[PDB]
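Chain nomenclature is as follows: A, B, C, D, E, F, G, H, I and J, assigned in order of appearance, with residue numbering initiated at 1 for each chain independently.
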């Protein structure tokens, strides 16, 4: 199960939509991602060698920028399908498979990711709500990482 | 059951707001006492913790003033459930105020919580134990960060 | 046009009730007050270095204000019970003891709180001859 | 049993139910309709207040007074001091009428109906019966009601 | 006749309701009464010996507190039935009888009472209106005191 | 006392209160919330039906069944024949659970609250208590309830 | 008839507000004069009271200015009828301003009042004499507290 | 950008009209002004000891403000009639004669009144180059 | 008679009636419909302004002008100086048309209808007839209208 | 609680967006700011003698404010493009060169602008720890 209260969900939605809607700016989406990873790395540089395939060597490279975006799209997909519990399932399942296959990704690599989004979302979000976010995020961070 | 949901907080907020008396200390003290009286009954050595505020003479000014302060604190958190970011700071403060008192155990809260659960339904109108519990415990969790057990 | 009499207290009690609203707008109520306080005494901020007194728009400070207005609510609510009131006022006094709160500081906060209350309930009806004196009873209590 | 909490509660609910203005008249009218339907014989008791015409100012005036008593008494549940004295007063007013205390039971029933009926499913039946009795006892020193 | 304008009445209502509704506090009702009498006495101490029956000896006594409340209840009954002119009649008639029988109560004892409420209501009431109040109050102060 | 008229009446009101569709679920949820607030200890009695989660299908299912019982019984008040047999049946279902009959009193209270709270000031308190008892008696042969 | 009721004040307020000119002194003076002219006609020795403001030359600047001041005063009270508490203070002030002039009798007002009653209907639209009177007299009563008679 | 010309007068006349409303909000209009006056010159309150200058939220003071704005209305209304205007201005002058109103005091009140007017009619439209000078014409008249 | 008060009043009401914008056109159209129904023969008088088509710009333009005259004159009632001069001007404009002054009476009637009809029962009939005449007199020095 | 980081910039960008509205209320947004500026530093008006700094309620001044907020919009919009941003900041600097803008002057304007922004978007949500530092980046640039 990848759900949280119908309302705890609507909150996250508004907030996420607030910083990442289809109508933002190519530059904003990039920075959110850039920051997310830069932070995800300073926390555990032992993880950099995990994105070698996507020019992680140069975070500002197209290859990597492209990767980052793919991640955002995903988080969006999730956050947004938070109201449709059964679909979010497939959502997760998929992402899970996509990660279980990447040799090296740990079920705690995600724990780190979480801490990062949590420590930096309030920087960009308006009336950020850690509770609603923790309630919905851990719900799916747990589903995506169903291996290792 | 699970966690204090948004819906839950709204509920928690009403159950409380309705028995709350904004102009006088009457009901506050009445409720506060009903709770402590029940806490002290199910946990003998508990009373020994409120020596500084005459926890023996529950009708003493020292203790009444205390109840007032307690009920106020809980009001602070309950209302702050709508703004978790700030609640966190507030509960952290309450936490510190309690880390400073030897004898205050995480399990002590676990108890006072049951008490509230026994009291509220008596004074509150259409009480929702489950919802209340979920959110009460959310407030507890924060207040009791480093306390023993 | 002073003396926080039993009737003035009842009045302040009810007006406080309206201002301290239901349990939502308290964030803005707090903000207004403290905002006003520092607009008058920018220096006063230095006393709140522990709670982000530099930016009241902070969960840290918002939480502070929460505690303040909360204390204030108790006093106003205890206004009719002289004995318990002073017991509490005493407690508040000890909470300020060390801190160097000057008399003029309380005057400012008191003024601000009234502004805050008036702001919400309106100038038409706002018993100043009741708030003014009754607030002092509280202040002079914390005074020590 | 009528605990201090039960009282704070009974007051709370009474307040909500008794209403503010025109609602009070309505409530009163509802209450008494019930009283006389629950015990149609108890009507003759109030002919002194023109119970013949339940809409007569004479009777509405009565309703007004009894409700006022009910209010001032309930509201004082958190003050034995006054409560007892005022209840004692009411006893003085009712003793000479030699009323069968059973009627006060009918009342309790009717009151419950009217208050719960107006207040909602939240109505605390036990708390009401308990505290209602503290008043009935005080007015007509009987069983416990 | 115990009436005043339909509107002049509505005003008094709101104001009275403002300080004495079934949903106030046992403590507030007491103080309004306490003050009303304390003031009613300082004005004419020659009246104290009129409430000897209700422990007026000790204003804070239950017996007296009980009395005071009975008075409030009454004023309430009146103020509120101000819209129903014919019922307020019976209201008055009754109170009248209840007072005409108390040997000592003067048709001016009430005049004093009035002056008291008037000088002290604005202390507790919000946007107090002496006019509306005088117009409705004198209407019934006059009906209650229909003897002596 | 529970006269034939009182029964026709109790049915009439139950009908209005129990409602038609979604109203029934609501009523049931209201009734049980009251039951467990009136006697918080009686909750542990229903752990067999997951009373832990008052919104669990397991429990809603329970509520459904008990309300259905309540309905089929009340509706049969005007037919001693069936009423007795069905009440007897229910007794068979409850006897082995060894339940303190006092709980059935709590129920009566809670039912009154819920029904009156939903039905309105017209609620006939005495008629309900009387006929409710005919049922309680039949289910747990006790005092008269 | 009886007393200046709330309903009455609302009416009073409109009858006045409609003939009032917020931007110029024209109508004010026109009305003021119509009143005084009528007062002076029904009360001979009255004119002798406005010597300080040339009550003889009703078209004199001194008197026009006076009219302006009078009409203003009445506006003050009429509008203040909605706030009796403050009206009382205002009327008391006007009262004092009149106690200070020898010759100003309570009966003088009684007269000017009749005058207004004769004038208003001529300039005001749908005039209500009764209501106007009730409230006019309420304002009078206050203005004339200690004045003789 | 001054000179209270005939046109500026017409303008002030109309804008005053809007601010001095219909006959209700005058309480708040007065409050705003006087409130602002004392916010700038807290000392000025000492001149109004007779009319509760300590608490403008008083029937006594409210009544005072009533008189003030009322006078002001007359002057603004007389603005087009130079002769009668000065006659009135003269009267107002005598009403202040003894009292120690300094020039800076009128500057404050004038400012406040404009603030009050702007507050009501809006910044978009508020002829300052008309109010400023025309108000002075009135002030300088009372000046003596 | 047309007192200074009556004038302040006539203006006040004219203002309310004549309206602000589209209301004016409406009023004008109403006024003239009345004029020509009250005296159908007076229509031929305005053929110079295409009175054939009462909706023709030619005529609406006329209506516009006469109303404008009516306004500028009424508004000047509190200033004999200008009033007389302007009325005199209007006389110069009408004298050469040799119009039977009786028509100006028809107008007065029609105006009263139109203004009262638009203004309301508050309409001061005498004040209007009086002051209307001051204008009619000035435009066609006759009886008093 | 400073450092105009990339995230703080994004924040300021969005909040500025809301305050600088759609293209209407800009007149009032400008008025508020500049109004506040002169309420703090009445003297500052002397620097704007060319654009009616004596009456901000003037097409002349309104036009001025338009230019200012406009410049400000560019800087905030360039915040993410360091290189182009400084190029612009440079341009702005030269536009002030002669004029005697003291550091304290910028502090005031900066404060005012934030007040303006808060006024529109609300105290609940108004990242002060972002505006404060980011605004300085712009100011310190124009500084020279």
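To be clear about the criterion, contacts are C-beta pairs under 8 Å (C-beta built on N, C-alpha and C of every residue); 3 or more make two chains touch, one makes a residue touch a chain.
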Topological distance between subunit C and subunit G, in contact steps: 2
For subunit E and subunit I, chains touching each: G
From the options B-F or B-D, the pair that copies G-I, where over half of the contact pairs coincide: B-D
Chain closest to the assembly centre - both centres taken as Cα means: C
Centroid-based (C-alpha) most distant chain relative to subunit C: I
Separation of subunit F from subunit H, taking each centre as the mean of its C-alpha atoms, in whole Å: 75
Subunit B and subunit I, separation of their C-alpha mean positions in angstrom: 82
Separation of subunit D from subunit E, taking each centre as the mean of its C-alpha atoms, in whole Å: 23
Multi-partner residues of subunit B (at least 2 other chains): 21, 23-24, 26, 83, 85, 88, 126
In subunit J, residues with contacts to at least two other chains: 124
Residues of subunit I whose C-beta touches two or more other chains: none
All pairs of touching chains, each written as two labels joined by a dash: A-B, A-J, B-C, B-D, B-E, B-F, C-E, C-H, C-J, D-E, D-F, E-G, G-H, G-I, H-J
In the complex, subunit D residues that touch subunit E: 11-12, 14-16, 18-21, 24-25, 57-58, 60-61, 64-65, 68-69, 71-72, 75-79, 81-86, 88-89
Complex contacts: residues of subunit J adjacent to subunit H: 27-28, 31, 35, 52, 54-55, 57-58
Residue numbers on subunit B that touch subunit F, as the complex places them: 1, 117-118, 121, 126-130
Parts of subunit E lying in touch with subunit G, wherever the complex brings them together: 4-8, 11, 122, 128-132, 135
Footprint of subunit A on subunit J - complex, ascending: 5-8, 10-11, 80, 124-125, 130
